[PDB]
Structure formats: C-alpha cells, structure tokens
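so I've got this experimental structure, pasted below with the sequence.
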Amino acid sequence: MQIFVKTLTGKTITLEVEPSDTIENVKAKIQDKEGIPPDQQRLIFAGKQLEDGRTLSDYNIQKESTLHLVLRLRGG
C-alpha cells in the first residue's frame, strides 16, 4: 500500500510499504530518496513517535495515511 510522508519543509514524499515492514525500513527508504540518515529521522503519526522495532501494522497505519517526518535535535 501507499502512504504519505510529510516533511518539515512542507514536501510530501510518497512511499510504497507493506504492513509488516518495521519502522527502520521506512526510514531507510527515506534515505535512498532524500539522503537523510535514519538516525536523524523522527516519524510522528497522530502525535506519537514511531519506534524502530515496531511495524507499520502495530500503529494501525493503513492505506493513504499521512506520516509526519520531524528531524532530531542537535547532538553536538
């Protein structure tokens, strides 16, 4: 299924995922399209952060959901 990943800069990125993919998979696709390393990416959906060991299905993310991508704070 497809899902929408909205960025801080107002851009909308389009992904093709499968329910069983883990959150680290999704950040990794964001990297091959935008170059943003996974360690710097935060996925927020409905006000709640998404965890790398969890799956898209564990958060009840369905077709055409809009996931919000927020960048991590400064760490040095």
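It's in. Numbers count the residues shown, from 1 in each chain.

going forward, measure contacts between C-alpha atoms and count neighbours the same way
Will do.

show me where the protein has its helices.
23-34 (DSSP state H).

what residue lies at the spatial centre of it?
residue 43 (4.4 Å; C-alpha atoms, centre = their mean).

ok, that residue - contacts?
49, 50, 67, 68, 69, 70 (C-alpha atoms under 8 Å, 6 or more residues apart in numbering).

what is the neighbour count of the second one?
The number of residues packed near residue 50 is 19, by other C-alpha atoms under 10 Å.

roughly how far does the nearest residue to it once chain neighbours are set aside sit from residue 54?
Nearest residue to residue 50, sequence neighbours excluded (C-alpha to C-alpha, 6 or more residues apart in numbering): residue 43, at 5.5 Å. The spacing between residue 43 and residue 54, counted by C-alpha to C-alpha, to the nearest Å, is 12 Å.

kindly report the same for residue 63.
Residue 63 is 18 Å from residue 54, by C-alpha to C-alpha.

quick revisit: what are the bridge partners for the residue nearest to residue 50, then?
Beta-bridge pairing of residue 43 under DSSP bridges involves residue 69.

repeat that for the one 5 residues further on.
With DSSP bridges as the criterion, residue 48 is bridged to residue 45.

any idea how far it is from residue 33?
From residue 48 across to residue 33, the span is 24 Å (C-alpha to C-alpha).

for residue 12, same thing?
Distance from residue 12 to residue 33, by C-alpha to C-alpha: 12 Å.
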